[PDB]
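Undergrad: Below is the structure I would like to discuss, written out as structure tokens.
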Amino acid sequence: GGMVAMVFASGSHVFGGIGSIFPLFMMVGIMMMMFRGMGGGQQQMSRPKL
Amino acid sequence: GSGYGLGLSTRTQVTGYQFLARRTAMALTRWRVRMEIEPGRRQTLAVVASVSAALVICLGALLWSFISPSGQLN
Amino acid sequence: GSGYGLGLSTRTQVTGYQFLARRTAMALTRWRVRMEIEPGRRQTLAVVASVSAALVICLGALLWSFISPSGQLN
């Protein structure tokens with residue numbers, strides 16, 4: 001968010017409109033890895049083995 | 001005896017009380033306590049997330065006020 | 001009866017159903033349930049990989065649009 005804010009304050013305005021799809025998909029991609037992902041060693045059970 | 005007054009309390013006790021409360025709230029509406037799933041908390045967190053999302057937008061606007069100052073009567 | 005209506009469900013119940021769906025699907029085409037290997041998964045995943053590649057290419061195209069646009073004449 002800081003980089004986007006930094007670029008908007010600089011006046012490039014390149015992320016305006018449709019250009020916003022890049023930060024957006026990146027933000028979503030990070031979200032998938034942090035909230036879901038997979039269980040640790042004490043979670044030996046998983047779809048491929050169950 | 002009987003726990004009267006405002007004595008100090010252990011963190012272990014805090015979750016204990018809050019747990020008995022949630023279980024009791026369920027009985028009044030669902031009349032059962034098996035609680036295979038606990039919707040009470042799930043439903044509550046969604047509200048906290050909405051308020052949180054609203055505060056983030058306000059910080060954005062407040063931040064915008066420092067990037068490009070202007071004014072309105074207030 | 002039991003099982004009817006829109007009652008709640010859990011994550012262990014979701015995989016359980018998808019397992020039964022995959023197992024019964026091949027029983028219609030291969031007439032054996034041994035399922036030594038699961039080709040349906042692979043065949044399905046292959047489509048998803050195809051879809052992912054298409055999205056990656058058009059985002060690559062969108063990336064091209066900002067680096068060298070049409071308006072740079074003279």
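Lettering and numbering for the structure tokens are positional, with chains as A, B, ... in the shown order, residues counted from 1 in each chain, and ligands counted from 1 in the shown order.
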Output the contact residues of chain C with respect to chain B at a cut-off of 9 Å, based on only C-alpha atoms, as a list in words.

TA: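 Every residue meeting the condition is included here: residues 8, 9 and 10 of chain C.
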
Undergrad: Using only C-alpha atoms, find each residue in chain B having at least one atom no more than 9 Å away from chain A; report its shortest atom-to-atom pair and that distance in Å (one decimal), rows by chain then rising number, as a Markdown table.

TA:
| residue | atom | partner | partner_atom | distance |
| --- | --- | --- | --- | --- |
| B:64 | CA | A:9 | CA | 8.9 |
| B:67 | CA | A:9 | CA | 6.4 |
| B:68 | CA | A:9 | CA | 8.5 |

Undergrad: Identify, with DSSP run on backbone atoms, the residues in chain A assigned to helix (DSSP H, G or I), and express the list as a ChimeraX atom specification.

TA: /A:2-10,17-35

Undergrad: Onto chain C, please fit chain B by least squares using all C-alpha atoms in order, then return the transformed chain as a PDB file with N, CA and C atoms, in the first residue's frame.

TA:
ATOM      1  N   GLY B   1     -35.312 -33.473   9.524  1.00  0.00           N
ATOM      2  CA  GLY B   1     -34.559 -34.612   9.042  1.00  0.00           C
ATOM      3  C   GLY B   1     -34.266 -34.515   7.559  1.00  0.00           C
ATOM      4  N   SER B   2     -33.664 -35.561   7.010  1.00  0.00           N
ATOM      5  CA  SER B   2     -33.331 -35.671   5.592  1.00  0.00           C
ATOM      6  C   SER B   2     -32.428 -34.559   5.057  1.00  0.00           C
ATOM      7  N   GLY B   3     -31.826 -33.730   5.900  1.00  0.00           N
ATOM      8  CA  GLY B   3     -30.914 -32.771   5.306  1.00  0.00           C
ATOM      9  C   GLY B   3     -31.489 -31.745   4.364  1.00  0.00           C
ATOM     10  N   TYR B   4     -32.760 -31.412   4.474  1.00  0.00           N
ATOM     11  CA  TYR B   4     -33.289 -30.387   3.592  1.00  0.00           C
ATOM     12  C   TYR B   4     -32.683 -29.017   3.928  1.00  0.00           C
ATOM     13  N   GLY B   5     -32.823 -28.087   2.981  1.00  0.00           N
ATOM     14  CA  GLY B   5     -32.377 -26.697   3.081  1.00  0.00           C
ATOM     15  C   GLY B   5     -30.890 -26.423   2.900  1.00  0.00           C
ATOM     16  N   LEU B   6     -30.500 -25.194   3.247  1.00  0.00           N
ATOM     17  CA  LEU B   6     -29.137 -24.709   3.040  1.00  0.00           C
ATOM     18  C   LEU B   6     -28.322 -24.520   4.313  1.00  0.00           C
ATOM     19  N   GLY B   7     -28.264 -25.562   5.127  1.00  0.00           N
ATOM     20  CA  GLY B   7     -27.503 -25.534   6.363  1.00  0.00           C
ATOM     21  C   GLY B   7     -25.996 -25.447   6.152  1.00  0.00           C
ATOM     22  N   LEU B   8     -25.298 -24.978   7.191  1.00  0.00           N
ATOM     23  CA  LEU B   8     -23.846 -24.800   7.164  1.00  0.00           C
ATOM     24  C   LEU B   8     -23.165 -26.158   6.994  1.00  0.00           C
ATOM     25  N   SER B   9     -21.901 -26.146   6.571  1.00  0.00           N
ATOM     26  CA  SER B   9     -21.211 -27.412   6.379  1.00  0.00           C
ATOM     27  C   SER B   9     -19.723 -27.371   6.680  1.00  0.00           C
ATOM     28  N   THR B  10     -19.254 -28.492   7.227  1.00  0.00           N
ATOM     29  CA  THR B  10     -17.869 -28.696   7.635  1.00  0.00           C
ATOM     30  C   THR B  10     -16.954 -29.034   6.465  1.00  0.00           C
ATOM     31  N   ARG B  11     -15.714 -28.546   6.533  1.00  0.00           N
ATOM     32  CA  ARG B  11     -14.741 -28.792   5.467  1.00  0.00           C
ATOM     33  C   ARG B  11     -14.454 -30.280   5.267  1.00  0.00           C
ATOM     34  N   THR B  12     -14.610 -31.084   6.312  1.00  0.00           N
ATOM     35  CA  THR B  12     -14.421 -32.531   6.213  1.00  0.00           C
ATOM     36  C   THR B  12     -15.443 -33.148   5.267  1.00  0.00           C
ATOM     37  N   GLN B  13     -16.653 -32.621   5.288  1.00  0.00           N
ATOM     38  CA  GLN B  13     -17.743 -33.066   4.430  1.00  0.00           C
ATOM     39  C   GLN B  13     -17.502 -32.693   2.968  1.00  0.00           C
ATOM     40  N   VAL B  14     -16.881 -31.547   2.706  1.00  0.00           N
ATOM     41  CA  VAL B  14     -16.657 -31.093   1.334  1.00  0.00           C
ATOM     42  C   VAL B  14     -15.800 -32.087   0.562  1.00  0.00           C
ATOM     43  N   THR B  15     -14.679 -32.518   1.116  1.00  0.00           N
ATOM     44  CA  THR B  15     -13.888 -33.497   0.377  1.00  0.00           C
ATOM     45  C   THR B  15     -14.612 -34.827   0.287  1.00  0.00           C
ATOM     46  N   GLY B  16     -15.392 -35.175   1.296  1.00  0.00           N
ATOM     47  CA  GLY B  16     -16.137 -36.422   1.252  1.00  0.00           C
ATOM     48  C   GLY B  16     -17.052 -36.511   0.043  1.00  0.00           C
ATOM     49  N   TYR B  17     -17.844 -35.472  -0.183  1.00  0.00           N
ATOM     50  CA  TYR B  17     -18.731 -35.436  -1.341  1.00  0.00           C
ATOM     51  C   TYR B  17     -17.948 -35.460  -2.640  1.00  0.00           C
ATOM     52  N   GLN B  18     -16.931 -34.618  -2.745  1.00  0.00           N
ATOM     53  CA  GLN B  18     -16.128 -34.533  -3.960  1.00  0.00           C
ATOM     54  C   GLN B  18     -15.426 -35.850  -4.267  1.00  0.00           C
ATOM     55  N   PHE B  19     -15.116 -36.637  -3.242  1.00  0.00           N
ATOM     56  CA  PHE B  19     -14.522 -37.963  -3.431  1.00  0.00           C
ATOM     57  C   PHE B  19     -15.538 -38.947  -3.998  1.00  0.00           C
ATOM     58  N   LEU B  20     -16.738 -38.996  -3.431  1.00  0.00           N
ATOM     59  CA  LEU B  20     -17.772 -39.887  -3.950  1.00  0.00           C
ATOM     60  C   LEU B  20     -18.121 -39.540  -5.397  1.00  0.00           C
ATOM     61  N   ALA B  21     -18.073 -38.267  -5.760  1.00  0.00           N
ATOM     62  CA  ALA B  21     -18.353 -37.853  -7.134  1.00  0.00           C
ATOM     63  C   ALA B  21     -17.303 -38.385  -8.107  1.00  0.00           C
ATOM     64  N   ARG B  22     -16.028 -38.219  -7.793  1.00  0.00           N
ATOM     65  CA  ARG B  22     -14.969 -38.701  -8.677  1.00  0.00           C
ATOM     66  C   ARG B  22     -15.102 -40.200  -8.896  1.00  0.00           C
ATOM     67  N   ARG B  23     -15.311 -40.947  -7.826  1.00  0.00           N
ATOM     68  CA  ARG B  23     -15.475 -42.394  -7.918  1.00  0.00           C
ATOM     69  C   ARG B  23     -16.651 -42.739  -8.828  1.00  0.00           C
ATOM     70  N   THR B  24     -17.740 -41.988  -8.733  1.00  0.00           N
ATOM     71  CA  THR B  24     -18.923 -42.222  -9.561  1.00  0.00           C
ATOM     72  C   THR B  24     -18.685 -41.854 -11.017  1.00  0.00           C
ATOM     73  N   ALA B  25     -17.944 -40.797 -11.279  1.00  0.00           N
ATOM     74  CA  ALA B  25     -17.646 -40.447 -12.661  1.00  0.00           C
ATOM     75  C   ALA B  25     -16.875 -41.572 -13.347  1.00  0.00           C
ATOM     76  N   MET B  26     -15.970 -42.220 -12.626  1.00  0.00           N
ATOM     77  CA  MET B  26     -15.192 -43.326 -13.181  1.00  0.00           C
ATOM     78  C   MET B  26     -16.061 -44.519 -13.566  1.00  0.00           C
ATOM     79  N   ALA B  27     -17.049 -44.853 -12.754  1.00  0.00           N
ATOM     80  CA  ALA B  27     -17.904 -45.999 -13.054  1.00  0.00           C
ATOM     81  C   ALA B  27     -18.638 -45.846 -14.382  1.00  0.00           C
ATOM     82  N   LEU B  28     -19.107 -44.639 -14.701  1.00  0.00           N
ATOM     83  CA  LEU B  28     -19.840 -44.428 -15.949  1.00  0.00           C
ATOM     84  C   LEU B  28     -18.990 -44.656 -17.181  1.00  0.00           C
ATOM     85  N   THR B  29     -17.710 -44.334 -17.137  1.00  0.00           N
ATOM     86  CA  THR B  29     -16.886 -44.520 -18.321  1.00  0.00           C
ATOM     87  C   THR B  29     -16.049 -45.793 -18.281  1.00  0.00           C
ATOM     88  N   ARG B  30     -15.514 -46.183 -17.134  1.00  0.00           N
ATOM     89  CA  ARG B  30     -14.677 -47.370 -17.069  1.00  0.00           C
ATOM     90  C   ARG B  30     -15.393 -48.563 -16.484  1.00  0.00           C
ATOM     91  N   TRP B  31     -16.607 -48.395 -15.992  1.00  0.00           N
ATOM     92  CA  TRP B  31     -17.352 -49.532 -15.472  1.00  0.00           C
ATOM     93  C   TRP B  31     -16.605 -50.341 -14.401  1.00  0.00           C
ATOM     94  N   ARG B  32     -15.661 -49.737 -13.682  1.00  0.00           N
ATOM     95  CA  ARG B  32     -14.968 -50.451 -12.615  1.00  0.00           C
ATOM     96  C   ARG B  32     -14.498 -49.407 -11.613  1.00  0.00           C
ATOM     97  N   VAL B  33     -14.150 -49.848 -10.404  1.00  0.00           N
ATOM     98  CA  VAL B  33     -13.743 -48.887  -9.379  1.00  0.00           C
ATOM     99  C   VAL B  33     -12.463 -49.184  -8.602  1.00  0.00           C
ATOM    100  N   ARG B  34     -11.664 -50.151  -9.044  1.00  0.00           N
ATOM    101  CA  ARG B  34     -10.436 -50.453  -8.316  1.00  0.00           C
ATOM    102  C   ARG B  34      -9.563 -49.219  -8.188  1.00  0.00           C
ATOM    103  N   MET B  35      -9.525 -48.425  -9.241  1.00  0.00           N
ATOM    104  CA  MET B  35      -8.763 -47.184  -9.330  1.00  0.00           C
ATOM    105  C   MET B  35      -7.327 -47.293  -8.801  1.00  0.00           C
ATOM    106  N   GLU B  36      -6.529 -48.152  -9.445  1.00  0.00           N
ATOM    107  CA  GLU B  36      -5.128 -48.272  -9.040  1.00  0.00           C
ATOM    108  C   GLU B  36      -4.450 -46.913  -9.178  1.00  0.00           C
ATOM    109  N   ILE B  37      -4.886 -46.144 -10.179  1.00  0.00           N
ATOM    110  CA  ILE B  37      -4.444 -44.788 -10.472  1.00  0.00           C
ATOM    111  C   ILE B  37      -5.702 -43.993 -10.790  1.00  0.00           C
ATOM    112  N   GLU B  38      -5.697 -42.735 -10.407  1.00  0.00           N
ATOM    113  CA  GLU B  38      -6.832 -41.860 -10.635  1.00  0.00           C
ATOM    114  C   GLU B  38      -6.616 -40.829 -11.742  1.00  0.00           C
ATOM    115  N   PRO B  39      -6.839 -41.228 -12.998  1.00  0.00           N
ATOM    116  CA  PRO B  39      -6.608 -40.328 -14.135  1.00  0.00           C
ATOM    117  C   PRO B  39      -7.520 -39.130 -14.168  1.00  0.00           C
ATOM    118  N   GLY B  40      -8.686 -39.211 -13.553  1.00  0.00           N
ATOM    119  CA  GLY B  40      -9.594 -38.082 -13.573  1.00  0.00           C
ATOM    120  C   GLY B  40      -8.959 -36.795 -13.093  1.00  0.00           C
ATOM    121  N   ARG B  41      -8.319 -36.825 -11.935  1.00  0.00           N
ATOM    122  CA  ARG B  41      -7.699 -35.599 -11.446  1.00  0.00           C
ATOM    123  C   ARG B  41      -6.514 -35.207 -12.317  1.00  0.00           C
ATOM    124  N   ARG B  42      -5.662 -36.162 -12.661  1.00  0.00           N
ATOM    125  CA  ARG B  42      -4.489 -35.858 -13.477  1.00  0.00           C
ATOM    126  C   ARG B  42      -4.885 -35.140 -14.769  1.00  0.00           C
ATOM    127  N   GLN B  43      -5.925 -35.623 -15.438  1.00  0.00           N
ATOM    128  CA  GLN B  43      -6.383 -35.002 -16.678  1.00  0.00           C
ATOM    129  C   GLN B  43      -6.956 -33.614 -16.430  1.00  0.00           C
ATOM    130  N   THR B  44      -7.579 -33.403 -15.283  1.00  0.00           N
ATOM    131  CA  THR B  44      -8.204 -32.121 -14.981  1.00  0.00           C
ATOM    132  C   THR B  44      -7.170 -31.040 -14.719  1.00  0.00           C
ATOM    133  N   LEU B  45      -6.148 -31.357 -13.944  1.00  0.00           N
ATOM    134  CA  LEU B  45      -5.112 -30.393 -13.603  1.00  0.00           C
ATOM    135  C   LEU B  45      -4.416 -29.812 -14.828  1.00  0.00           C
ATOM    136  N   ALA B  46      -4.250 -30.605 -15.881  1.00  0.00           N
ATOM    137  CA  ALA B  46      -3.568 -30.128 -17.083  1.00  0.00           C
ATOM    138  C   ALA B  46      -4.299 -28.962 -17.721  1.00  0.00           C
ATOM    139  N   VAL B  47      -5.616 -28.949 -17.633  1.00  0.00           N
ATOM    140  CA  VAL B  47      -6.398 -27.855 -18.189  1.00  0.00           C
ATOM    141  C   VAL B  47      -6.173 -26.617 -17.340  1.00  0.00           C
ATOM    142  N   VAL B  48      -6.211 -26.780 -16.026  1.00  0.00           N
ATOM    143  CA  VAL B  48      -5.998 -25.669 -15.110  1.00  0.00           C
ATOM    144  C   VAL B  48      -4.635 -25.044 -15.362  1.00  0.00           C
ATOM    145  N   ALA B  49      -3.637 -25.867 -15.642  1.00  0.00           N
ATOM    146  CA  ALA B  49      -2.300 -25.359 -15.933  1.00  0.00           C
ATOM    147  C   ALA B  49      -2.273 -24.551 -17.235  1.00  0.00           C
ATOM    148  N   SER B  50      -3.017 -24.979 -18.258  1.00  0.00           N
ATOM    149  CA  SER B  50      -3.038 -24.270 -19.543  1.00  0.00           C
ATOM    150  C   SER B  50      -3.664 -22.889 -19.408  1.00  0.00           C
ATOM    151  N   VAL B  51      -4.795 -22.804 -18.724  1.00  0.00           N
ATOM    152  CA  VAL B  51      -5.466 -21.529 -18.497  1.00  0.00           C
ATOM    153  C   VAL B  51      -4.553 -20.626 -17.682  1.00  0.00           C
ATOM    154  N   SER B  52      -3.902 -21.194 -16.676  1.00  0.00           N
ATOM    155  CA  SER B  52      -2.985 -20.438 -15.834  1.00  0.00           C
ATOM    156  C   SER B  52      -1.829 -19.885 -16.662  1.00  0.00           C
ATOM    157  N   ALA B  53      -1.267 -20.696 -17.551  1.00  0.00           N
ATOM    158  CA  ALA B  53      -0.178 -20.235 -18.409  1.00  0.00           C
ATOM    159  C   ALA B  53      -0.628 -19.086 -19.309  1.00  0.00           C
ATOM    160  N   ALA B  54      -1.862 -19.142 -19.802  1.00  0.00           N
ATOM    161  CA  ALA B  54      -2.426 -18.080 -20.641  1.00  0.00           C
ATOM    162  C   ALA B  54      -2.591 -16.761 -19.884  1.00  0.00           C
ATOM    163  N   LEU B  55      -3.045 -16.811 -18.642  1.00  0.00           N
ATOM    164  CA  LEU B  55      -3.196 -15.600 -17.842  1.00  0.00           C
ATOM    165  C   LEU B  55      -1.854 -14.921 -17.570  1.00  0.00           C
ATOM    166  N   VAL B  56      -0.795 -15.697 -17.374  1.00  0.00           N
ATOM    167  CA  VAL B  56       0.549 -15.158 -17.144  1.00  0.00           C
ATOM    168  C   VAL B  56       1.028 -14.322 -18.330  1.00  0.00           C
ATOM    169  N   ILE B  57       0.775 -14.781 -19.552  1.00  0.00           N
ATOM    170  CA  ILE B  57       1.167 -14.036 -20.751  1.00  0.00           C
ATOM    171  C   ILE B  57       0.411 -12.712 -20.843  1.00  0.00           C
ATOM    172  N   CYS B  58      -0.853 -12.699 -20.442  1.00  0.00           N
ATOM    173  CA  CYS B  58      -1.648 -11.470 -20.444  1.00  0.00           C
ATOM    174  C   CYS B  58      -1.079 -10.450 -19.459  1.00  0.00           C
ATOM    175  N   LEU B  59      -0.650 -10.906 -18.287  1.00  0.00           N
ATOM    176  CA  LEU B  59      -0.006 -10.011 -17.328  1.00  0.00           C
ATOM    177  C   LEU B  59       1.267  -9.435 -17.935  1.00  0.00           C
ATOM    178  N   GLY B  60       2.007 -10.255 -18.673  1.00  0.00           N
ATOM    179  CA  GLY B  60       3.211  -9.786 -19.349  1.00  0.00           C
ATOM    180  C   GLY B  60       2.909  -8.646 -20.308  1.00  0.00           C
ATOM    181  N   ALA B  61       1.874  -8.814 -21.128  1.00  0.00           N
ATOM    182  CA  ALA B  61       1.448  -7.788 -22.082  1.00  0.00           C
ATOM    183  C   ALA B  61       0.940  -6.553 -21.351  1.00  0.00           C
ATOM    184  N   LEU B  62       0.179  -6.752 -20.280  1.00  0.00           N
ATOM    185  CA  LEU B  62      -0.339  -5.641 -19.485  1.00  0.00           C
ATOM    186  C   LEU B  62       0.827  -4.868 -18.879  1.00  0.00           C
ATOM    187  N   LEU B  63       1.833  -5.595 -18.404  1.00  0.00           N
ATOM    188  CA  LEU B  63       3.052  -5.003 -17.864  1.00  0.00           C
ATOM    189  C   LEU B  63       3.802  -4.247 -18.951  1.00  0.00           C
ATOM    190  N   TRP B  64       3.851  -4.806 -20.153  1.00  0.00           N
ATOM    191  CA  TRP B  64       4.496  -4.144 -21.282  1.00  0.00           C
ATOM    192  C   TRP B  64       3.819  -2.814 -21.589  1.00  0.00           C
ATOM    193  N   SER B  65       2.501  -2.735 -21.401  1.00  0.00           N
ATOM    194  CA  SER B  65       1.739  -1.508 -21.642  1.00  0.00           C
ATOM    195  C   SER B  65       2.201  -0.357 -20.751  1.00  0.00           C
ATOM    196  N   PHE B  66       2.677  -0.661 -19.551  1.00  0.00           N
ATOM    197  CA  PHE B  66       3.214   0.343 -18.631  1.00  0.00           C
ATOM    198  C   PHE B  66       4.668   0.693 -18.913  1.00  0.00           C
ATOM    199  N   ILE B  67       5.435  -0.235 -19.464  1.00  0.00           N
ATOM    200  CA  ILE B  67       6.835   0.029 -19.786  1.00  0.00           C
ATOM    201  C   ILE B  67       6.961   0.960 -20.989  1.00  0.00           C
ATOM    202  N   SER B  68       6.220   0.707 -22.063  1.00  0.00           N
ATOM    203  CA  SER B  68       6.300   1.539 -23.268  1.00  0.00           C
ATOM    204  C   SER B  68       4.913   1.827 -23.836  1.00  0.00           C
ATOM    205  N   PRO B  69       4.239   2.845 -23.289  1.00  0.00           N
ATOM    206  CA  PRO B  69       2.901   3.232 -23.744  1.00  0.00           C
ATOM    207  C   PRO B  69       2.809   3.570 -25.230  1.00  0.00           C
ATOM    208  N   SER B  70       1.638   3.288 -25.793  1.00  0.00           N
ATOM    209  CA  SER B  70       1.276   3.569 -27.183  1.00  0.00           C
ATOM    210  C   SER B  70      -0.238   3.381 -27.257  1.00  0.00           C
ATOM    211  N   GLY B  71      -0.822   3.483 -28.456  1.00  0.00           N
ATOM    212  CA  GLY B  71      -2.259   3.266 -28.556  1.00  0.00           C
ATOM    213  C   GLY B  71      -2.821   2.792 -29.882  1.00  0.00           C
ATOM    214  N   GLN B  72      -4.032   2.235 -29.768  1.00  0.00           N
ATOM    215  CA  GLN B  72      -4.851   1.702 -30.848  1.00  0.00           C
ATOM    216  C   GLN B  72      -6.306   2.045 -30.548  1.00  0.00           C
ATOM    217  N   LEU B  73      -7.118   2.230 -31.593  1.00  0.00           N
ATOM    218  CA  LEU B  73      -8.544   2.463 -31.362  1.00  0.00           C
ATOM    219  C   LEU B  73      -9.176   1.231 -30.722  1.00  0.00           C
ATOM    220  N   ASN B  74     -10.081   1.471 -29.774  1.00  0.00           N
ATOM    221  CA  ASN B  74     -10.765   0.403 -29.043  1.00  0.00           C
ATOM    222  C   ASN B  74     -12.233   0.741 -28.751  1.00  0.00           C
TER     223      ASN B  74
END
